[PDB]
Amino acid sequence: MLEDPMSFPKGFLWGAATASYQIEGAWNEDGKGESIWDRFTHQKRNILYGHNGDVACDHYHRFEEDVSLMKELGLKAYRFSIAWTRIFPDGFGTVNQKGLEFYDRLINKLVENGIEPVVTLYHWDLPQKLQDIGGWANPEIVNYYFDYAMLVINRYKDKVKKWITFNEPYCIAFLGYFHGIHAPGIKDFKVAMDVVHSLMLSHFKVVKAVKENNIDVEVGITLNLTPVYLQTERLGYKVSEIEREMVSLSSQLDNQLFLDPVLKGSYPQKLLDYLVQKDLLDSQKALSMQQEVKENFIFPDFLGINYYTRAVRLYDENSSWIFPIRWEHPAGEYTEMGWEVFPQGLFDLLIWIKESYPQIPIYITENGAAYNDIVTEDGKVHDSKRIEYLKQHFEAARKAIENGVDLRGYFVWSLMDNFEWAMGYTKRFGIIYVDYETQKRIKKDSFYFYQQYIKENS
């Protein structure tokens, strides 16, 4: 007998996500200090086409129009980040009132319109003045971050009930400090590992203070997770032990390095051991890292997940990577990022978290796709592939819920086309198209699709 389909729970947070550097512009206005991304994009050869976020989507100026679009869409929630440099131009010291006033006005406008604000405290825009003294590799950054975080939490806790300490610490550490393709452009694995640990301790400090002081907000963190699959199993071959081990270690670096500390109070020990055995990490640091996460661990209120695609990997002795593995690209649909469209990966990932970690509310804090959108003569954007991407992932999410995953919300990346970091403006993820010459917002077909989807699933 047909029992009602499990649907999205009541109160499920259908949302859209942005980040301060990617949309705000006004990079030097009203006392805002220089961020590491201001510095990074103003230097040669770091960004495609020499693009920068000086203006971006001009959201600092046009936020009222953007909240109006959010209201039209029927978003239950909006995830955005606060620019540390608008609050503390120098990272610490004097507070910039005009920065507070911007966020006061944005947050109030959201609440007036019935949209739940969800704030990312750190989405990659460290004050350049703190980078000048080591940045995340300097242990004292932990305290400067904490002071910033508690200031904005105490200011906005009446209206903002969900706080994300960090967006994607994997990217911050390894892209910012190992690969150097993101600000601050450093290229040193051991420094990247110091950063990993600084971010964890920062996170725990904020979670601990909210709990200890009985502040009525929820604190979580956002991790990018990329489910890893074996090409050997795709081919129907037998998997060797060495391949199983090496691919698993590569998966642990992507997926468990932050998940394990955040939810279980320890780093993945096999990965740390490997990194020590390959002289990529000092034994003394591996040991102290482990001791310190255990000492400081506290369980968060929710887990945020950024999901886009999977990886398919296989053993490769000849590889120049830190593990003897190579990637394979399975046949199928790919985005302008060269990312495989693989909704099953979202389902598999969510089931894996349910089965492998203590229960915790989960939010998908980012999911979306980049297509080379064209504005038609009638001023429309017929982004049918984006619609299909989103429909399929929404259904992956539904199915996870049907299997008892505690999913409480879903934030499309992005509300609007924006500055895609080192790729500049070349990658469009919006459900709203932004003409960068005029700053006109054009609703893509995906906007109308999402609007209807929310209506039918709330």
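Numbering starts at 1 and follows the sequence shown.
Undergrad: Check the entry's C-alpha temperature factors for 197-205 and 274-282, then say which stretch has the higher mean.
TA: According to the PDB entry, the answer is 274-282.
Undergrad: Select between 299-307 and 93-101 the stretch whose C-alpha atoms have the higher average B-factor in the entry.
TA: 93-101 has the higher mean C-alpha B-factor.
Undergrad: Taking the Cα B-factors listed in the entry, which of 28, 52, 414, 43 comes out highest?
TA: Each of 28, 52, 414, 43 was compared by C-alpha B-factor; the highest is 43.
Undergrad: Looking at 175, 149, 370, 374, which has the highest CA B-factor as recorded?
TA: Going by the entry's C-alpha B-factors, 374 comes out highest.
Undergrad: Compared with the other modelled residues in the chain, in which third is the CA B-factor of residue 125?
TA: Tercile = lowest for this residue's CA B-factor.
Undergrad: What third of the chain does residue 334 rank in for C-alpha temperature factor, lowest, middle or highest?
TA: For residue 334, the deposited C-alpha B-factor lands in the lowest third.
Undergrad: Lowest, middle or highest third of the chain for the C-alpha temperature factor of residue 134?
TA: For residue 134, whose C-alpha B-factor we compare with every modelled residue in the chain, the answer is the middle third.
Undergrad: Among the modelled residues of its chain, does the C-alpha B-factor of residue 393 lie in the lowest, middle or highest third?
TA: It falls in the bottom third of the chain.
Undergrad: Considering only modelled residues of the same chain, in which third does the CA B-factor of residue 189 rank: lowest, middle or highest?
TA: CA B-factor rank for residue 189: highest third.
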